[PDB]
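Undergrad: In PDB author numbering, the protein residues as written are 0 to 132.
Ideal Cβ placement from N, Cα and C applies to all residues, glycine included.
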Ligand SMILES: CCCCCCCCCCCCCCCCCC(=O)O
């Protein structure tokens, strides 16, 4: 079940985000500001429809999806992708596909913290979120 993921979460640690963003071709100036941004992520559910909000002073996104059903997405860096999110080994696994490329955004609860692992190419970023509410 998804239920321990639900709520409001704040970024408290980030490792290799610049490498991940550079791998996606994000420009230097956007990486600069993103490296100093601390987002809030809000995860809500209504039945098997999940809504994932990511808020900040820089960029803001919102997606809604049905678990295990593909959806179109336009990412914070303006990639137009085909996406699917599923529970897999108790993790929320978000797979984005575009132009034959793939990136995964994997969320796992470890000791009450939500660990977001971002993989594109060889770049692996780990971001740790702490529960606000
Ligand atoms: C909405 C805020 C996202 C994080 C700061 C802006 C970064 C914009 C350029 C890179 C976007 C890459 C895809 C989205 C990464 C999501 C990271 C996260 O939720 O912590």
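(1) Kindly examine ligand 1 and report whether one of its heavy atoms sits closer than 6 angstroms to the Cβ of residue 182.
(2) Could you spell out the range, first to last residue, of the beta strand (DSSP E) harbouring residue 36?
(3) For residue 92 and residue 102, which I take to be in contact (beta-carbon distance under 8 angstroms), what is that distance rounded to the nearest angstrom?
(4) May I have the straight-line CA-CA distance separating residue 14 from residue 126, to the nearest angstrom?
(5) CB-CB under 6 angstroms to residue 148, same chain, minus the five flanking residues each way: which ones, in chain order?
(6) Could you tell me the distance, in whole angstroms, from the CA atom of residue 111 to the CA atom of residue 75?
(7) Return the chain-ordered list of same chain residues with a C-beta closer than 6 angstroms to the C-beta of residue 58, the five sequence neighbours on each side being excluded.
(8) Would you say the beta carbon of residue 58 is closer than 6 angstroms to some non-hydrogen atom of ligand 1?
(9) For residue 132, does the count of other Cβ atoms within 10 angstroms reach 16, so buried, or fall short, so exposed?
(10) Comparing C-alpha positions only, which one of 99, 47, 87 sits nearest to residue 78?
(11) Can we count residue 25 as close to ligand 1, meaning its CB is less than 6 angstroms from some heavy atom?
(12) Taking only three categories from DSSP, how would you classify residue 133?
TA: From the atom records:
(1) Residue 182 is absent from the model: the chain starts at 0 and stops at 132.
(2) Where residue 36 is concerned, there is no enclosing beta strand (DSSP E), given that its DSSP letter is neither H nor E.
(3) About 11 angstroms separates the two Cβ atoms, so there is no contact after all.
(4) 6 angstroms
(5) Residue 148 lies beyond the stretch modelled for the chain, which goes from 0 to 132, so this question has no answer here.
(6) 26 angstroms
(7) Excluding its 5 nearest sequence neighbours in each direction, residue 58 has C-beta neighbours in its own chain below 6 angstroms: 75, listed in chain order.
(8) yes
(9) exposed
(10) 99
(11) yes
(12) Here the chain comprises residues numbered 0 to 132, so residue 133 is not present and cannot be evaluated.
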